[PDB]
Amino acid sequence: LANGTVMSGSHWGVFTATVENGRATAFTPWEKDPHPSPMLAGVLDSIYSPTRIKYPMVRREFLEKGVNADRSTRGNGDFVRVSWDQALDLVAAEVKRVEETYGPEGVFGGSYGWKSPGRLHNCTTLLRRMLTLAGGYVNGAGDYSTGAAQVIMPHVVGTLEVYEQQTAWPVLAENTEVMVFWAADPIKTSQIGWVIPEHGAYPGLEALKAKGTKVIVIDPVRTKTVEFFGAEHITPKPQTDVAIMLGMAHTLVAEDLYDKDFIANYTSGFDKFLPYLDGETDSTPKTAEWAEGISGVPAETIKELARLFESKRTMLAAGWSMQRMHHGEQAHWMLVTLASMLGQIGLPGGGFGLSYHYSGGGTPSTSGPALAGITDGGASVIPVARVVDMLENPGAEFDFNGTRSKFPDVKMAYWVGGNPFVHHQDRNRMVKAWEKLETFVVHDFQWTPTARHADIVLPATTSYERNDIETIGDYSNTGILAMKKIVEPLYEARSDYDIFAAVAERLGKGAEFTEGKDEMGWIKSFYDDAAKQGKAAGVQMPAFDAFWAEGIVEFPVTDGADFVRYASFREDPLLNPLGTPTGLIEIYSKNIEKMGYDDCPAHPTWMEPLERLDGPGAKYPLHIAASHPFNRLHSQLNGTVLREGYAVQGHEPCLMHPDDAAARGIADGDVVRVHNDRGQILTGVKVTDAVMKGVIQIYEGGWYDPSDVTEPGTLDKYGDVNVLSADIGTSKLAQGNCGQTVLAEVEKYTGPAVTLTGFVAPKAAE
């Protein structure tokens, strides 16, 4: 039994593991990590927690009756343990059956999810690689993060923008006078990376602070970002940012402050937006006063913020919560319009950036090569959050970015690396729609709500039980890490690659799936390709064994630290045009105009959302800020020792303002029921003035624990906030999710005592 230390990586960062007698006993942060995440101790625990999945299992009803099984009991925990050969045979037959009876349109393989980093052990790509050899599948398009903004940005600035490099942090420290964080909490969200994180935002934030730059935070909650800087804190009613923006815009026009030359030379359509802004088209001048009526931010503050932004070198750094909402396309389009008026786009330290809060955006990029991994070998496509509408309406038409298509008639869904029974909106509607699927197959290493609702569950390994390779730094490209195997696979878990190879072998496509390569065979070909490309560029890299032995290769920064977004566009717009039809920033879009969608007009517009705090005729009184957890990565690590540090009487915490608690007779630590017309959950309250009055904070990612899966509307005992959200599209343009457009009521829970069952394994899988 192994004794020693191994260096690996994860979504939380690079770390070294201490191994004693074959068991991992500690995870220590990399010595070069400038700001490790306290969640690493849950990462270690997730390998061994009580919800680790030990063996392959098949739902008793599915085993007994297949397609005639009662599908309303999915999630009741009545599983049967089976051997691997039996489950592999059954998965293979099911894939074959659905592909022959129904075609590629009967298999949903979008399998949305955060999985784990790794260029070889890429479970979602491997799933698509297997399914492509089986005949095809329906896929997902977009994501739950920027569903609206990633569609609107290309119409407005000609590129995706949300996942592109930002003006380097050092440039901001030298040049920015006012830094605005709009619906962004960089301190909280920069702990993680899509590939391994370098945590580059922390030194970037430290440098602004050290320089005395003025920092403003626009957020309903007083976050760690406000506290870190002692920032001026503006607290709007959630979903009213566009109103605020329009009032600022109005003020710049009324007081004649805006940059008319920038407007004239770098933008298109302002002259079509001005009438709206001034109130000629609807009789409603969008003044600061008007904006105060909707958002509750004082008129005078709105004009003061406007005047300050125009006279100082200002960076508008915006988060994505505000577009994860009804009409969410308007938030970033109005933000770019406002930035246009200020006219600082393309100057060092000015303009706007849409990725300073995620994966190190702004961290100076190196000049190293890109690393690539296994590939998938490749309506057939749906916007990802329309999964439930698809299941309910096979054959119906839907709009998406100017086109019309029809929903495929899906009969099977195969999910790996994701938790839709946590991440998707309107849990009760979803639980009923899932009955439309004949077979539901899932691989995970933790017994999440999704695993609990499968017909067939296959235990996967973590990254700590195998070898892989991955880049460090989604934007920085700081280096390449060897993700070395720390302990052996636990119980009967197997890597996703191994399971898929065995299924492909049973479909008679084994060789095509593996390409005749084993684990190290694949990893070395990704490395050799990256070294070959590096040599071409003049970056020297060791040979593979030398690399593997050191465990990491770092790259040099040459001019990456001088990067300024949009500089060449500002420098000469004709020579360096945007990808838009006019080549300019499009305030009014003729392209959007021609689609003629009522919920997405051709210029940024204030529109009432489905439900909003203090909106006319609103039924519920509190906005739920259903934002990202501080101490989880979505649902990951919920079933670990970290839960004990935030849970209130065992439930997911609910933050509530002293006055809202006082009005309902609630005291700190009480168990309360949060409910609206879509569902009802239990949470434990923390009374704090960190949330503005009218707002409550329930993070997304809580593990759904239904009291009874056969009872429609059954009470969730843990606190999955997606039990209360609605499942609707941002608009016909993007069809994004509206996960944070949520109102509810809260009362002291006075029903029967409840026993939590989500943090232990189903009895048969013990």
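Quick note: we count residues from 1 along the sequence shown, nothing fancier.
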| query | finding |
| --- | --- |
| Unresolved deposited residues lying between neighbours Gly378 and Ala379 | 10 or more |
| Mean C-alpha temperature factor, higher of 141 to 149 and 518 to 526 | 518 to 526 |
| Given 608 to 616 and 452 to 460, the range whose Cα B-factors average higher in the PDB entry | 608 to 616 |
| Candidate set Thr478, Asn265, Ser495, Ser111 [ranked by C-alpha B-factor, highest] | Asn265 |
| Residue with highest C-alpha B-factor in the PDB entry, from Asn676, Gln239, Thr314, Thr284 | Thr284 |
| Third of the chain's Cα B-factor distribution that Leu257 belongs to, per the entry | highest |
| Position of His326 among the chain's modelled residues by C-alpha B-factor, lowest, middle or highest third | lowest |
| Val14 - Cα temperature factor, lowest/middle/highest third of chain | lowest |
| Lowest, middle or highest third - CA B-factor, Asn68 | highest |
| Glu105 by Cα B-factor - lowest, middle or highest third of the modelled chain | highest |
